[PDB]
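Here is the structure we will look at, set down as structure tokens.
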Amino acid sequence: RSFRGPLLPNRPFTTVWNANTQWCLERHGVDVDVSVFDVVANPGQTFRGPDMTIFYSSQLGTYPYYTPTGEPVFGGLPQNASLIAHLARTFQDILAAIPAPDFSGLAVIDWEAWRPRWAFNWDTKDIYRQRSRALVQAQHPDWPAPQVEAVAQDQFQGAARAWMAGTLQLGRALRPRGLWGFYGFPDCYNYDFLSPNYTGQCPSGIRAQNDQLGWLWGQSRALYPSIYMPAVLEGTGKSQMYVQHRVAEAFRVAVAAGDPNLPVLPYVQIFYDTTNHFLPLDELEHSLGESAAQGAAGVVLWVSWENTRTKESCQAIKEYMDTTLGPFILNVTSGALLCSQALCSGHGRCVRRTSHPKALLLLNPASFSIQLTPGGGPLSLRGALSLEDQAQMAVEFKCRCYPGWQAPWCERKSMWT
Ligand SMILES: *[C@@H]1O[C@H](CO)[C@@H](O[C@@H]2O[C@H](CO)[C@@H](O[C@@H]3O[C@H](CO[C@H]4O[C@H](CO)[C@@H](O)[C@H](O[C@H]5O[C@H](CO)[C@@H](O)[C@H](O)[C@@H]5O)[C@@H]4O)[C@@H](O)[C@H](O[C@H]4O[C@H](CO)[C@@H](O)[C@H](O)[C@@H]4O)[C@@H]3O)[C@H](O)[C@H]2NC(C)=O)[C@H](O)[C@H]1NC(C)=O
Ligand SMILES: *[C@@H]1O[C@H](CO)[C@@H](O[C@@H]2O[C@H](CO)[C@@H](O)[C@H](O)[C@H]2NC(C)=O)[C@H](O)[C@H]1NC(C)=O
């Protein structure tokens, strides 16, 4: 189903800086170096470029939700809204947001109110369930509880699916080269950090509910799972297992939906989620490094407006970029590229062997040096991949070939090409 190799030339692992660092500069005179990234995409949506479009929930058709005081917008619930009116506006929204018909960048839809699986609408999302029950109870006033539940569950899930599949399908009909997918899907729901037996595994019937979203995976042309690291992870040893299984679940549903090649691009932050606490180098490896080592197509680094608001914040990002983040980005991007070239003939991604569950794609500091060019050109890389570095890759990593290239080493084009 998917036929893209590396999303950008020489980039098995691509990075998108999704930060308003433009504000840091224009408002505060703080100049954050963003040259290490493949893509800079302002979440403030200042320009319309070839590499990323984002649709926030108020930008693509008529997305129904409840305000936090419970008032409906466009009907609150997909079964209480007009799909036909949504699709009309969606058609026009896509053409205005994405003027090039051959646009081939990320096309991220950000729908975070209700979830398509009835089971996942818990906590503050239980309003979608309560209101689903209310809607059938008003239409049929003399109806017992387990009967409004089952009718509510089917109406909701039926509607939620028509809306999400129809929007993705229309996006792809109009822009067939867009890497269309929803932010935050799949979710592994492995937030059980306080439990003795924490493995990071997606609980119980979570995977089973995700299998019921095969229709969603089929309609997707990239997957954008979130690997934001909750505040509670800070200073424990559970970050890597949490991330590992969230990335793995995105590959798992891709393979089961008959698209082993579906680009997976997790969303990450450089802070613990909801905080101004920068991720230690450590935690970068456990998140961006982890994603690359599973063969992620790249990562989207989302930086909240909360973190680029002030001069102080912006200046702490500038310095984090120089000391920690930027060298790390070049490190992981180059490790992935060099491995692809040395192991996979330049025609596949290196992916962990299962015998080496924690291996990462990084540069040996004995073979390479990453340094800032004086005055401040971009980071340079000096040195060379040693024969021992290459021997270590051969033991830790195998190949997942780009579509069209044959396993195991991606040396020859495949059969039906
Ligand atoms: C490319 O990117 C990766 C960035 O992740 C760089 O590799 C990382 O470098 C950092 C800092 O230099 C390392 O952090 C230190 O780790 C040690 C523990 O080291 C041992 O355990 C690791 C896994 O558990 C393992 O990977 C290590 O093996 C490598 O590292 C050494 C060099 O340190 C080298 O000799 C080997 O050949 C391997 O390459 C090793 O077995 C930890 O003790 C360190 O302590 C620091 O922090 C504590 C705070 O608690 C402080 O008390 C210490 O004194 C010290 O400051 C430190 O965290 C990290 O292990 C590396 N990660 C990996 C996966 O290699 C790499 O350098 C970059 N390359 C380029 C070209 O720049
Ligand atoms: C179903 O959708 C309708 C809109 O068609 C919702 O009705 C609106 O409700 C608000 C606040 O309760 C009123 O101010 C509007 O006048 C209503 N609009 C119209 C034109 O009817 C209704 O609340 C939704 N039902 C559920 C269960 O969410």
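For reference, positions follow the sequence shown, starting with 1.
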Checklist line | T167 side chain to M164 backbone, donor-acceptor under 3.5 Å | finding: no
Take atom CZ of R4 as the centre, draw a 6.0 Å sphere, and report whether it contains more than 12 heavy atoms from other residues, nucleotides or ligands. yes
Please check this pair: side chain of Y128 against backbone of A113, looking for a donor-acceptor N/O pair closer than 3.5 Å.
no
* To do: Check step by step if side chain to side chain contact (heavy atoms under 4.5 Å, CB included) holds for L362 and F328.
  => CA-CA 9 Å; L362 298 156; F328 180 80; 4.0 Å; yes
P327 and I370 have their tightest heavy-atom pair at O-CD1, 3.5 Å
Discussion item. Under a 3.5 Å threshold, yes or no: a donor from one side chain and an acceptor from the other, between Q294 and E290?
Written reply: yes
Output for pair (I329 CD1, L301 CG), nearest 0.5 Å, gives 5.0 Å
Here the gap from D273 atom CG to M229 atom CE, rounded to the nearest 0.5 Å, amounts to 10.0 Å
Heavy atoms of other groups near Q147 CD, more than 12 under 6.0 Å: yes
Side-chain heavy atoms of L343 within contact of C339, under 4.5 Å: yes
Requested in this report: Using a 4.5 Å cut-off on heavy atoms from C-beta on, say whether the side chain of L360 contacts that of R352.
Outcome: yes
| request: For the pair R246 and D187, find out whether any cationic side-chain nitrogen is under 4.0 Å from an anionic carboxylate oxygen. | output: yes
Exercise. Would you find a donor on one side and an acceptor on the other, under 3.5 Å apart, between the side chain of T417 and the backbone of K413?
Worked result: no
Q) Does one side chain, of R172 or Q219, offer a donor that lies under 3.5 Å from an acceptor on the other? A) yes
By ring pair (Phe, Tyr, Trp, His ring centres under 6.0 Å), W143 pairs with (sequence neighbours left out) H140
I want to check something: taking the side chain as every heavy atom from C-beta on, are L179 and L7 in contact at a cut-off of under 4.5 Å? yes
- request: Evaluate the side-chain proximity of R400 to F251: yes if any heavy-atom separation is below 4.5 Å, no if none is.
  value: yes
Please determine, by modelled atom types, if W118 and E149 share a side-chain donor-acceptor pair under 3.5 angstrom.
yes
Output yes when a side-chain donor or acceptor of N80 lies under 3.5 Å from a complementary backbone atom of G75, and no otherwise.
yes
Interatomic distance, CG@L60 vs CG@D93, rounded to 0.5 Å, equals 5.5 Å
Any side-chain to backbone donor/acceptor pair from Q59 onto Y56? Under 3.5 Å, distance only. yes
Would you say the ring centers of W114 and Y65 fall short of 6.0 Å from each other? no
- Any donor-acceptor N or O pair under 3.5 Å, side chains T21, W17: yes
**Prompt:** Are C399 and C344 close enough, and set up right, to give a disulfide bond (SG atoms under 2.5 Å apart), and what steps lead you there?
**Reply:** CA-CA 6 Å; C399 297; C344 302; 2.1 Å; yes
So CG of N307 and CZ of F271: to nearest 0.5 Å the spacing works out to 4.0 Å
Minimal heavy-atom distance between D389 and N364, with the atoms involved, is OD1-ND2, 2.9 Å
Would you say the side-chain atoms of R177 pair up with the backbone N or O of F103, donor to acceptor, closer than 3.5 Å? no
| message | Under a 3.5 Å threshold, yes or no: a donor from one side chain and an acceptor from the other, between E411 and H347? | response | no
Rounding to 0.5 Å, atoms CG (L168) and CH2 (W217) come to a distance of 10.0 Å
*Do the side-chain N and O atoms of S132 and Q79 include a donor-acceptor pair separated by under 3.5 angstrom?*
yes
Notebook entry, point to check: Does the separation of the ring centres of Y198 and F193 fall below 6.0 angstrom?
Noted result: yes
Next on the checklist: Using modelled atom types and a 3.5 Å cut-off, is there a donor and acceptor pairing between side-chain atoms of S414 and backbone atoms of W405?
Outcome noted: yes
Note to self: For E388, is the CD atom crowded, meaning more than 12 foreign heavy atoms sit under 6.0 Å from it?
What the structure shows: no
*Might you confirm whether atom NZ of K125 has over 12 heavy atoms from other residues, nucleotides or ligands at distances under 6.0 Å?*
yes
Shortest non-hydrogen pair, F156 vs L77, comes out as CD1-CD2, 4.2 Å
Requested in this report: Decide yes or no for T199 and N190: does some side-chain heavy atom of the first lie under 4.5 Å from some side-chain heavy atom of the second?
Outcome: no
message = Tell me whether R349 contacts the main-chain N or O of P12 through its side chain, where contact means a donor paired with an acceptor under 3.5 Å.
response = yes
Is any side-chain heavy atom of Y242 closer than 4.5 Å to a side-chain heavy atom of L233?
-> yes
_Heavy-atom donor-acceptor pair, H245 side chain to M241 backbone, under 3.5 Å_ = yes
Would you confirm whether the ring centroid of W302 sits within less than 6.0 angstrom of the ring centroid of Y183?
-> no
Scanning both residues in full, the closest heavy-atom pair of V247 with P266 reads CG2-CG, 4.0 Å
- Can you say whether the rings of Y267 and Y228 are parallel (under 30°), tilted (30 to 60°) or perpendicular (over 60°)? perpendicular
Checklist entry - Heavy-atom count around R309 CZ within 6.0 Å, excluding the residue itself: above 12? => result no
Practice prompt. Give the intermediate values and the outcome of side chain to side chain contact (heavy atoms under 4.5 Å, CB included) for residues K318 and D33.
Written response: CA-CA 7 Å; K318 172 194 176 62; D33 183 15; over 6 Å; no
Yes or no on side chain to side chain contact (heavy atoms under 4.5 Å, CB included) for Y191 and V232, after CA distance, side-chain angles and deciding distance? CA-CA 10 Å; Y191 308 114; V232 256; over 6 Å; no
Say whether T308 and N20, considering side chains only, have a donor N or O and an acceptor N or O under 3.5 Å apart. no
Side chain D259, main chain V255, donor-acceptor under 3.5 Å: no
Problem - Close side-chain approach of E396 and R353, heavy atoms under 4.5 Å - result: no
- Message: Is any side-chain heavy atom of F278 closer than 4.5 Å to one of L284?
- Response: no
For this session: Would you tell me whether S195 and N197 have side-chain atoms, one donor and one acceptor, within less than 3.5 Å of each other?
Result: no
Do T46 and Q22 have side-chain atoms, one donor and one acceptor, less than 3.5 Å apart?
-> yes
Candidate pair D110 and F55, rule side chain to side chain contact (heavy atoms under 4.5 Å, CB included), full reasoning | CA-CA 6 Å; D110 181 28; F55 295 96; over 6 Å; no
Subject >> Charged N-O contact under 4.0 Å between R252 and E249 >> reply: yes
Item to check | Mutual orientation of the aromatic rings belonging to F120 and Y189 [parallel < 30°, tilted 30-60°, perpendicular > 60°] | outcome: tilted
Rounding to 0.5 Å, atoms CD (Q92) and CG (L95) come to a distance of 6.0 Å
Exercise. Can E283 and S239 be counted as having a side-chain donor-acceptor contact under 3.5 angstrom?
Worked result: yes
Checklist entry - Do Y63 and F74 have ring centroids that are under 6.0 Å from one another? => result no
Looking only at heavy atoms, the pair that brings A293 and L361 closest together is CA-CD1, 4.3 Å
